[PDB]
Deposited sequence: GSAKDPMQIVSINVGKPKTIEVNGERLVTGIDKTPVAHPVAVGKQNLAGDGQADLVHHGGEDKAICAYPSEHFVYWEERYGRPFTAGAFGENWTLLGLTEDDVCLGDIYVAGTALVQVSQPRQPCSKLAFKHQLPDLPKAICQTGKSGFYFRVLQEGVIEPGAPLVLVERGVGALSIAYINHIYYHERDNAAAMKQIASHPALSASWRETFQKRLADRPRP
């Protein structure tokens, strides 16, 4: 009971500065190609559907698939159970956990909830990104099968906790920064801190 319950797709837009993808993504009912492409590290944004229950209770309104701008709405995989470096088979694709997802102002504007990013940081209900190790195709309801536990078994919950609360924990940061699966940007941040 670990799966992608929804694959959500958004519309591209250009800004004057480049092409960016919108935070508004709609659930689709058909197969979707999973391609490799900073951009690579954040290829797929994933969010645990379990947390929608909490958000509906906190804010008194619905939260359904796509509500956090996620490509993949997940079932059975929360931040406590998913580790940096975990490799999963999804459809014909292979994906690897690269970093926690940080809360952002686009999400606050989407829901018109200015305290939502703070709440995400306080609760740790953030979701996480995957990089794509092997391109393929997935369908809604696809199982996500763990094929390798990230070395060190460092959970996304643990990594968020160090990043947001233990900014003066040297041993913790060096260790996470040392992980070969960590996104370059998170590595850099842990190396700017630590100096």
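**Q** Ranges lacking C-alpha coordinates, please, mapped onto the deposited sequence and listed in sequence order.
**A** Model skips 1-5, 23-25, 46-58, 217-221 of the deposited chain.
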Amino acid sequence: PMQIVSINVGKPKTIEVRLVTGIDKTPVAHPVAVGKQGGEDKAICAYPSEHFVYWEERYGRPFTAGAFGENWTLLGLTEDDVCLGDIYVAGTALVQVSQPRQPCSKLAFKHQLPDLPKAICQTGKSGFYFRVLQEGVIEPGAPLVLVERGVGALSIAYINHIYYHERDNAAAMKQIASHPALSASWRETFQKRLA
From here on, numbers count along this sequence of modelled residues.
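**Q** With reference to the PDB entry, specify whether the mean Cα temperature factor is higher for 21-29 or for 170-178.
**A** Here the higher of the two C-alpha B-factor means belongs to 170-178.
**Q** Which wins on mean Cα temperature factor, 161-169 or 129-137?
**A** Here the higher of the two C-alpha B-factor means belongs to 161-169.
**Q** Would you mind finding, among 57, 40, 50, 70, the residue with the largest C-alpha temperature factor in the entry?
**A** Of 57, 40, 50, 70, 40 has the highest C-alpha B-factor.
**Q** Which third, lowest, middle or highest, does the CA B-factor of residue 66 fall in along this chain?
**A** Lowest third - that is where residue 66 ends up once the chain's C-alpha B-factors are sorted.
**Q** Would you mind checking where the Cα B-factor of residue 3 ranks among the modelled residues of its chain, as the lowest, middle or highest third?
**A** CA B-factor rank for residue 3: middle third.
**Q** Within this chain, which third does the Cα B-factor at residue 147 fall in: lowest, middle or highest?
**A** According to the entry, residue 147 has a C-alpha B-factor in the chain's highest third.
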